[PDB]
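Working notes, beginning with the structure itself.
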Amino acid sequence: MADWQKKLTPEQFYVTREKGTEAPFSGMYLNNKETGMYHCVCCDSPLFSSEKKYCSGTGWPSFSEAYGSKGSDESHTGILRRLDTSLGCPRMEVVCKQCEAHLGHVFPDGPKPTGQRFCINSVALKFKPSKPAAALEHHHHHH
Ligand SMILES: [Zn+2]
């Protein structure tokens with residue numbers, strides 16, 4: 001509103017359309033994509049490793065697990081969850097409670113739930129890479 005910028009490059013209105021599709025002329029998506037992780041820009045916490053990114057199929061924003069934490073960590077994470085099988089067919093969906101970010105979901109492909117695909121949408125999420133000269137996480141300094 002009151003603009004041309006946000007109309008030519010929408011954000012909250014764009015990612016909500018990308019919540020179902022791939023696109024050609026991918027540009028910045030036509031090169032390599034490194035290892036790393038993803039975190040909120042709404043709360044505090046890093047939550048998903050790019051290590052589980054569905055590469056060598058589509059490279060698209062999916063995560064073959066929500067990978068970094070286990071068992072003990074299901075209270076620590078500040079993430080929550082909600083299942084739905086009520087249309088006669090089972091779905092699984094997940095939220096961060098810290099940010100209230102309801103952005104991660106996992107759906108079957110037709111066979112057993114062993115074939116599932118876990119899609120996550122970046123509408124309030126940022127990322128940090130694995131490799132240095134863009135990773136620089138701890139201090140490097142002296143006396
Ligand atoms: Zn969060």
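All residue names refer to the structure tokens as shown: chains lettered A, B, ... in order, residues numbered from 1 in each chain, ligands numbered from 1 in order.
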Practice task
Might you pull out every residue within 6 Å of range 92-97 of chain A, with only C-alpha atoms counted and same-chain residues fewer than 4 positions away left off, and present them as a PyMOL selection string?
Solution key: chain A and resi 78-83+101-102+104-106
Mind writing the picked residues with N, CA, C and O atoms as a JSON list (two decimals), in the first residue's frame?
```json
[["chain", "number", "residue", "atom", "x", "y", "z"],
["A", 78, "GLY", "N", 10.80, -25.25, 22.21],
["A", 78, "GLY", "CA", 9.69, -24.31, 22.17],
["A", 78, "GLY", "C", 8.81, -24.49, 20.93],
["A", 78, "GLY", "O", 8.03, -23.59, 20.62],
["A", 79, "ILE", "N", 8.93, -25.63, 20.23],
["A", 79, "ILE", "CA", 8.03, -25.97, 19.12],
["A", 79, "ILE", "C", 6.89, -26.88, 19.59],
["A", 79, "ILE", "O", 7.04, -27.70, 20.50],
["A", 80, "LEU", "N", 5.76, -26.73, 18.92],
["A", 80, "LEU", "CA", 4.49, -27.42, 19.12],
["A", 80, "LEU", "C", 4.01, -28.05, 17.79],
["A", 80, "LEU", "O", 4.64, -27.91, 16.74],
["A", 81, "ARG", "N", 2.92, -28.81, 17.86],
["A", 81, "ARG", "CA", 2.46, -29.70, 16.79],
["A", 81, "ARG", "C", 0.97, -29.99, 16.90],
["A", 81, "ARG", "O", 0.37, -29.86, 17.96],
["A", 82, "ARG", "N", 0.39, -30.37, 15.76],
["A", 82, "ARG", "CA", -1.04, -30.62, 15.56],
["A", 82, "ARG", "C", -1.25, -31.49, 14.31],
["A", 82, "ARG", "O", -0.86, -31.15, 13.21],
["A", 83, "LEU", "N", -1.89, -32.63, 14.52],
["A", 83, "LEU", "CA", -2.28, -33.59, 13.50],
["A", 83, "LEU", "C", -3.75, -33.41, 13.07],
["A", 83, "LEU", "O", -4.59, -32.98, 13.86],
["A", 101, "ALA", "N", 5.13, -18.95, 15.05],
["A", 101, "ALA", "CA", 5.37, -19.23, 13.64],
["A", 101, "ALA", "C", 4.90, -20.63, 13.22],
["A", 101, "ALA", "O", 5.59, -21.64, 13.36],
["A", 102, "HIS", "N", 3.71, -20.69, 12.63],
["A", 102, "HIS", "CA", 3.05, -21.91, 12.15],
["A", 102, "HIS", "C", 3.42, -22.26, 10.70],
["A", 102, "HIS", "O", 2.62, -22.08, 9.77],
["A", 104, "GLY", "N", 5.83, -24.97, 9.35],
["A", 104, "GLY", "CA", 6.33, -26.30, 9.04],
["A", 104, "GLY", "C", 5.21, -27.33, 8.98],
["A", 104, "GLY", "O", 4.32, -27.36, 9.83],
["A", 105, "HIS", "N", 5.24, -28.19, 7.97],
["A", 105, "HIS", "CA", 4.18, -29.15, 7.68],
["A", 105, "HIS", "C", 4.73, -30.39, 6.99],
["A", 105, "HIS", "O", 5.73, -30.33, 6.27],
["A", 106, "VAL", "N", 4.05, -31.52, 7.16],
["A", 106, "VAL", "CA", 4.46, -32.80, 6.57],
["A", 106, "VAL", "C", 3.28, -33.66, 6.13],
["A", 106, "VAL", "O", 2.35, -33.94, 6.89]]
```
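Neighbours of residue 119 in chain A closer than or equal to 9 Å, with only C-alpha atoms counted and sequence neighbours fewer than 5 positions away skipped, come out as residues 19, 60, 61, 62, 63, 64, 103, 104, 105, 106 and 107 of chain A.
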With N, CA and C atoms retained, write the just-selected residues as a short mmCIF file (atom, residue, chain, number, x, y, z; two decimals), in the first residue's frame.
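Result saved to again_27.cif:
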```
data_model
loop_
_atom_site.label_atom_id
_atom_site.label_comp_id
_atom_site.auth_asym_id
_atom_site.auth_seq_id
_atom_site.Cartn_x
_atom_site.Cartn_y
_atom_site.Cartn_z
N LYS A 19 3.92 -21.22 -1.22
CA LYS A 19 3.32 -22.34 -0.45
C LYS A 19 2.44 -23.27 -1.30
N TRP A 60 14.09 -27.82 -3.51
CA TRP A 60 12.99 -26.99 -3.00
C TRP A 60 12.97 -26.91 -1.45
N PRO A 61 12.30 -25.95 -0.77
CA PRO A 61 12.32 -25.86 0.70
C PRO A 61 11.47 -26.90 1.46
N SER A 62 12.10 -28.05 1.57
CA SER A 62 11.71 -29.23 2.33
C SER A 62 12.90 -29.80 3.10
N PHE A 63 12.64 -30.51 4.21
CA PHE A 63 13.63 -30.98 5.18
C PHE A 63 13.33 -32.42 5.62
N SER A 64 14.13 -33.37 5.16
CA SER A 64 13.89 -34.82 5.35
C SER A 64 13.93 -35.29 6.81
N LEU A 103 4.68 -22.66 10.48
CA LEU A 103 5.34 -22.60 9.16
C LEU A 103 5.89 -23.90 8.57
N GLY A 104 5.83 -24.97 9.35
CA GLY A 104 6.33 -26.30 9.04
C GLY A 104 5.21 -27.33 8.98
N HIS A 105 5.24 -28.19 7.97
CA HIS A 105 4.18 -29.15 7.68
C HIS A 105 4.73 -30.39 6.99
N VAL A 106 4.05 -31.52 7.16
CA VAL A 106 4.46 -32.80 6.57
C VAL A 106 3.28 -33.66 6.13
N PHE A 107 3.31 -34.06 4.86
CA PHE A 107 2.20 -34.71 4.15
C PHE A 107 2.66 -36.00 3.43
#
```
Collect all residues with atoms no farther than 6 Å from ligand 1, counting only C-alpha atoms and all ligand atoms, and output them as a compact mmCIF listing (two decimals) with C-alpha atoms, in the first residue's frame.
```txt
# COMPACT_ATOMS: atom_id res chain seq x y z
CA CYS A 40 13.42 -17.34 13.09
CA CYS A 43 11.84 -15.02 18.28
CA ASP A 44 15.39 -16.23 19.12
CA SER A 45 16.00 -19.84 18.10
CA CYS A 96 7.11 -22.61 16.85
CA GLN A 98 8.36 -18.92 20.78
CA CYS A 99 7.58 -16.83 17.66
```
Practice task
Find, counting only C-alpha atoms, the residue in A:56, A:35, A:26, A:114 that gets nearest to residue 128 in chain A.
Solution key: A:35
